[PDB]
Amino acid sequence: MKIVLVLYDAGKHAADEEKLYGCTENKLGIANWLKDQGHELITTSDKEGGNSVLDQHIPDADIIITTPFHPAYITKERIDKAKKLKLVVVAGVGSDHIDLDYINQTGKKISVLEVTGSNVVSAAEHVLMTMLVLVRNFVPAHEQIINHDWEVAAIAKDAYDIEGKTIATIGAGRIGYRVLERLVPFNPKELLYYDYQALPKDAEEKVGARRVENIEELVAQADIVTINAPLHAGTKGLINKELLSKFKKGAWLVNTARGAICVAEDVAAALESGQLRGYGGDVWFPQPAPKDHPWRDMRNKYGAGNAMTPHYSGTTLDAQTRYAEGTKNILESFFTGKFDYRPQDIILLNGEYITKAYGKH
């Protein structure tokens, strides 16, 4: 089989860390196995533009392996040229960089598999971290130190404890629930969730969560909102000017899910106006994020409220070994012709939606 593998380049950083499997230099650590299995592997980070290495090899690729942190956008146009494509794998979690609805609506026999659960803890930790960083005003505090300054009041004037705050998640799946679990001992005033899929009642009671039926009522009462749903037609552009106007004034918003769930300029405008006190996360649309993407320079009125990072929470070294192993397992399920995929890894099976988490079908 011909396999095209699109990952980020590590460049000079590859020499620093042998456990960085998720880059083009190291090929998920599965290259020896793929070679022994008799497959052809094209590895590249070159994923944009008509004569990219990606586009050169799409026409006869049997399998494309992608990774969300450097996502090959498998558009309708690319799908139409992909005459041999049978399987797209996501080394990570989240398959929205592939035009899933086009595959599904046309009935093309392409399966889309991701390594469910591989980095959900990693993302949940990043959520907790970003909530604390924003609420406690950490970014300007650190900036003050490295700029050789000292003025406690300049930080304290917009620093709070997370204790006593009302916290809402949009999406209460693997990440959203793990976020709620980690928040319990911080003594929030209340933990809330909005999801068309209810939590199991035992899980709900374990974290003291209350389900809120509609998203406007959810955000209106939340000091802190976190986005933990996949990107699909029902969440694309969900966080927009109108919905932001219904947030509690001065709320903190965290998004480690997908950038395009938010309207980028509407989040920036809400931060600059004080509708939000802070915004942070690791995910952007598109990725790599352009140098002038508005989320880089946006700040609140105090010059703070920005806890953005590149997309890496799901590619910590601990997560990388897990999604590398899961990618191998998915590939083996395909190669053997058993197609004995783990049920939870299946986004599309030969064009059909198996997941329930990407909207109702």
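We number the residues from 1 along the sequence you see.
- Higher mean CA temperature factor, per the PDB entry, when comparing 275-283 with 211-219: 211-219.
- Stretch comparison (74-82 versus 171-179) by mean CA B-factor in the PDB entry places 74-82 on top.
- Within the selection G259, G164, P185, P200, the deposited Cα B-factor values reach their highest point at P200.
- Sorting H293, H311, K328, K27 by the CA temperature factor given in the entry leaves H293 at the top.
- Among the modelled residues of its chain, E204 has a C-alpha B-factor that falls in the highest third according to the deposited record.
- Sort the modelled residues of the chain by CA B factor and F334 lands in the middle third.
- Annotation for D345: CA B-factor lies in the lowest third of the chain's modelled residues.
- Residue-level temperature factors show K157 in the middle third of its chain, judged at the C-alpha atom.
- Per the PDB record, residue ranking by Cα B-factor puts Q56 in the highest third of the chain.
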